[PDB]
Each structure stands twice: as C-alpha cells, then as structure tokens.
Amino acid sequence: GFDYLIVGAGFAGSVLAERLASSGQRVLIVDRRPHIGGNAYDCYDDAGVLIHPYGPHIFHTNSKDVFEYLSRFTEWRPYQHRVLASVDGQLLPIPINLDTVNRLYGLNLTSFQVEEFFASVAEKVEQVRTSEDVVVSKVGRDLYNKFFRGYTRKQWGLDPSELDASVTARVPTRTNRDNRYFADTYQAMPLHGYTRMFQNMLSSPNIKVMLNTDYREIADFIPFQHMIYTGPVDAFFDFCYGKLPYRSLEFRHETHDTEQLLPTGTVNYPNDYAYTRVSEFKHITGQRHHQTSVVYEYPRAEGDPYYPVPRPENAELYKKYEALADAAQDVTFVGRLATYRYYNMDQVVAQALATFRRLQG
C-alpha cells in the first residue's frame, strides 16, 4: 500500500506529495479532475496559446522560503501584474493611487496632497468589520462606489457590508504612484507554465498519480496510513451541517486574430457588463504568438468551489466543520478549500510546507 493518500493535486496536495516522497514516504495522490495542478493548471488551447482554464493565475509572494522552494521545480519569467479598472469610460489604476484620483477628477494633487484629500472624504468608523468599512473609512463613499461596491456585488452576490473586512482589504489603497497589483518582493511566472512545474514536483518514483478519480472511489480497497484531504470540508462530511457556501465562476475563453487585445493583463469592470474582468494570457506568460487568447469571468452561485465566502455566518458554520476535521484522526486538512481560507498560491504552499514539518518534526 501507501504511507499517504493525498486527495487533490493542486498546490496543497502536490507540495505535500513532493515533500513526503522526498523523505522516503510512498505517496498516492489522486484527483477527480483529468489533470494535475488543481486550479493553477495551464495548457495550450486549439490556437496553440498558453492559458489558464480556471482564470488568471499570477504568482506573487513575500516568502523567500516559498519562492526558493518552487525554484527547485521551475525557472522564472520576472513579471509584475497590472490591472486597469473601467470607470467613467476610462481605464484607471487599481489599487487606487495618486494617478487614479488625479485622472478621474482631473486633479493635480501631489502624493502629500492626496493623503489630506482622502482624509477629507473618508467616513469614520468606530470599528472596521465589514468590506464596506475598510474602503469607506480610507477613501470615502464615492471612490468606494465607483471601484469596490459594484464589483463586489457582482462577484459575491453580496454587498460589501455583508462581507468581512478582509475581502476588500486584499486590494490596498495607495497615496503613491505605484500601479502594480502586488507590492510583493517576488513576482514571477513559472517559465514554462504551472503544469510543467507540477510535473517536476510530482516526478518522484515514490509518487503514484491517479486522475479522473474521486478519492471515495478507491479509499475502500487501497491500503494507506494517513490521509491528506485538500478538497472542500463540507463535502468530506457529507454536508452533515448543511451546505457550506463556496462562490464559483464560469469562464468563457476566446481567441482573437490579433497580437494584442488589452493594454494590460487584466481589465476590471466594477460597473459594467456581467463579467468581472477580461484577461490576456500573453501578458502573463510572455508568449509570442500571431493570435491571442482571453478569458471572461462570470460569477456563479452554483459550480465547482473556488471561493470561500468570509462573513460571520459562514465563519461560524465552518467552525462546526472545523470541529469534525480536528477530530478526524487519520486525516489532515490543508488548502484553500479544505480549511476554508481565501488563500493565494504562495500561502497554500507555506501552509503545506508547515504541515509537512509538523508531520516530520
């Protein structure tokens, strides 16, 4: 048999599969999807363009440890993602910065001046709890309306006041002129795509890969010691406490007969269209092609779980599940879905590494 049965071949499951196997363990990693990599899986479309079938996946981290780790399995294309937001018929920097405010209102404030201007408009909040509070308390009611309110309502189906502060706190507000989506120390894409990096990661002879397979389809007749489950929690426990909310997305992919379609990798639509944004994969990968491929993101209530929904009622409901999980003797939970945390890739990696260390000492 195996020492470990890992459910989910994304970062959480693949990072652990790699570490355990590098330390002698015999690992069987399985996934219900026909491919590995989970959400970060990438492949070439019919036109021969490299794309992310599950939406834009830009790698960024502040962890020297995380970056040096991945570096063992892939070279890097230096890349700092940038996003424009379609507001009032323009394409403006988001996160909001000096340039956003100046171009929108036709002002000419310096950075020093825009700090006072924000001050003069930000609503005061006794205690910031909601996604509305974080933004409104920093940059006033108007900017909140034009950049965050609409987008949030469309993405989650919930007003920012029905969401925890951490959600819209992901996008910081700047008084400077930095226009990168991330100020992280390390920002780079795997030179030949995520999938390629996962294959290196899972190359050990100590790793058996099983695809197109629900773990429940084999758990009964396959000898294993410990289980590492990276799927959704509520599903692991047959939805015993009811359905734990997970927001989902639909992706409509297109290929155009032109080299470039967008000014940058991603354009957000806070106040227009059904989709939240369009992305162009050549901006992100650096691939050269006579054509180009893009993807439109439509928020959905039903579908494969991609987003936990951070808010009081869901935090509580998860705690019920967390209780069962912590009780689950021979099963360790890790990942964005398994532990219900709005995590980026690097964060999942860290959580995985840390989980590996405990399982080791």
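The first residue of the shown sequence is 1; numbering continues from there.
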| item | value |
| --- | --- |
| 121-129 versus 186-194 - greater average Cα B-factor per the deposited record | 121-129 |
| 45-53 set against 311-319, stretch whose average Cα temperature factor tops the other in the entry | 311-319 |
| Identity of residue with top Cα B-factor, from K138, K282, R180, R103 | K138 |
| Third of the chain's Cα B-factor distribution that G231 belongs to, per the entry | lowest |
| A338 CA temperature factor, ranked by third within the chain | middle |
| Record-listed C-alpha B factor of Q260: chain third | highest |
| Among modelled residues of the same chain, the CA temperature factor third for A274 | middle |
| CA B-factor placement of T332, once the chain's modelled residues are sorted into thirds | highest |
